[PDB]
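Encoded as structure tokens, the structure appears first; notes follow it.
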Amino acid sequence: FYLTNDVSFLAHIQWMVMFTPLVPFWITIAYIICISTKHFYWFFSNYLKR
Amino acid sequence: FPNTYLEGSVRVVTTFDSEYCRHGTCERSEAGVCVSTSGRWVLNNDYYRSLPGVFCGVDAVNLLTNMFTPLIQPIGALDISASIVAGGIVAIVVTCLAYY
Amino acid sequence: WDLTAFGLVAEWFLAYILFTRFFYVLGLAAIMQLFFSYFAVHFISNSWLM
Amino acid sequence: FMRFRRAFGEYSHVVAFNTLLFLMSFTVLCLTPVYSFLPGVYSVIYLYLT
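Chains as they are written, first to last, in the deposited numbering: chain G, 351 to 400; chain D, 201 to 300; chain E, 1498 to 1547; chain H, 301 to 350.
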């Protein structure tokens, strides 16, 4: 969280490529939900709320 | 043939350690309890505890505990039924965090 | 009649005539694509990256 | 086309939810041939959420 988006994207890509084949499924699901939280609100507000 | 606890669409079978067989081919199966969501044949032998809709365990509690075994498996184990498994964790996580 | 195979063979022959240093990687890609069609399922398990 | 675009905004709110509901229903239907107890529970929860 304490990084700029420019390096945050690279960090997320590296983490997805590297740690994926040796981590439990629910941890990956939680990570994906956490990283994708801020877009669900925008989508719901712009195309589902009204 | 082994003893059957229920019959119909949902089938529950308990087996001892013997080569249970019927018209066709024979295989050896370990003692335990098996349950399937379909009326298809079920056994405690290997290659049987891989098919979808088939649950198995050493005992009643062991089967219930092992029902959640794929949940701790690394990603890349289910193809079609992954969506419901993902949702069953997503809902629990989002509720238990965001509210409590 | 059908002559798609003849056209492909002619195109491959003309490519071989125009030989460059980068023909070997294309040949390797083609042979790998042909090879993966026969075995395929024998050594693909887990490792979604694979 | 401009008149249709202007008119479609009123029902876009319903369409946005109906598209996701159709996707959920299609997924449930796709999961049927294995777990042949799902449709009843899905209908019950569908009526509950209605």
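For every residue, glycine included, the Cβ atom is placed at its ideal position computed from N, Cα and C.
Short Cβ contact (8 angstroms threshold) for residue i with residue j
i	j	result
residue 169 of chain D	D/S229	Any property of residue 169 of chain D remains undetermined from this structure, which presents chain D solely from 201 to 300.
D/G253	H/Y335	yes
H/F337	D/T237	yes
D/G232	D/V258	yes
Residue i to residue j span [Cα, whole Å]
i	j	result
D/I272	E/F1516	53 angstroms
D/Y220	D/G208	20 angstroms
E/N1543	D/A282	14 angstroms
D/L297	G/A380	11 angstroms
E/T1501	E/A1537	26 angstroms
D/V293	H/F322	25 angstroms
G/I385	G/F375	16 angstroms
H/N318	H/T350	12 angstroms
H/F304	G/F394	24 angstroms
G/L353	G/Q364	15 angstroms
E/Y1535	E/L1511	28 angstroms
G/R400	E/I1528	55 angstroms
E/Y1513	E/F1533	23 angstroms
D/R249	H/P339	25 angstroms
D/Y299	G/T387	15 angstroms
H/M302	H/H313	19 angstroms
E/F1540	E/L1531	16 angstroms
H/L320	H/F308	18 angstroms
D/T295	H/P333	30 angstroms
G/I383	D/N266	26 angstroms
residue 1556 of chain E	E/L1523	In the structure displayed, chain E extends from 1498 to 1547; residue 1556 of chain E sits before or after that span and is not available.
D/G276	G/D356	29 angstroms
D/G239	D/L263	18 angstroms
E/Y1521	E/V1506	17 angstroms
D/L206	D/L251	20 angstroms
Inter-residue CB distance, residue i and residue j (contact presumed, cutoff 8 angstroms)
i	j	result
G/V367	E/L1546	7 angstroms
G/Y397	H/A316	5 angstroms
H/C330	D/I289	Not quite, the Cβ-Cβ distance comes to about 20 angstroms (not below 8 angstroms), so this is no contact.
D/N245	D/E227	5 angstroms
Those residues which DSSP pairs with residue i across a bridge
i	result
H/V328	H/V328 pairs with nothing; no bridge assigned.
D/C256	D/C234
D/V212	D/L206, D/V235
E/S1534	BP columns for E/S1534 are empty, so no partner.
D/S218	D/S229
G/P374	D/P274
Same chain only: Cβ atoms within 8 angstroms of residue i, ignoring 5 sequence neighbours per side
i	result
G/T378	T370
D/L278	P270, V285
D/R222	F201
D/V242	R211, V213, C234, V235, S236, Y248, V254, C256
G/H362	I385
Close-in-space but distant-in-sequence residues of the same chain around residue i (CB under 7 angstroms, 5 per side omitted)
i	result
H/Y342	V328
D/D217	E230, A231
E/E1508	none
G/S358	none
Chain-order list of residues whose beta-carbon lies under 6 angstroms from that of residue i (same chain, five-residue window excluded)
i	result
D/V235	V212, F255
H/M324	none
D/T225	none
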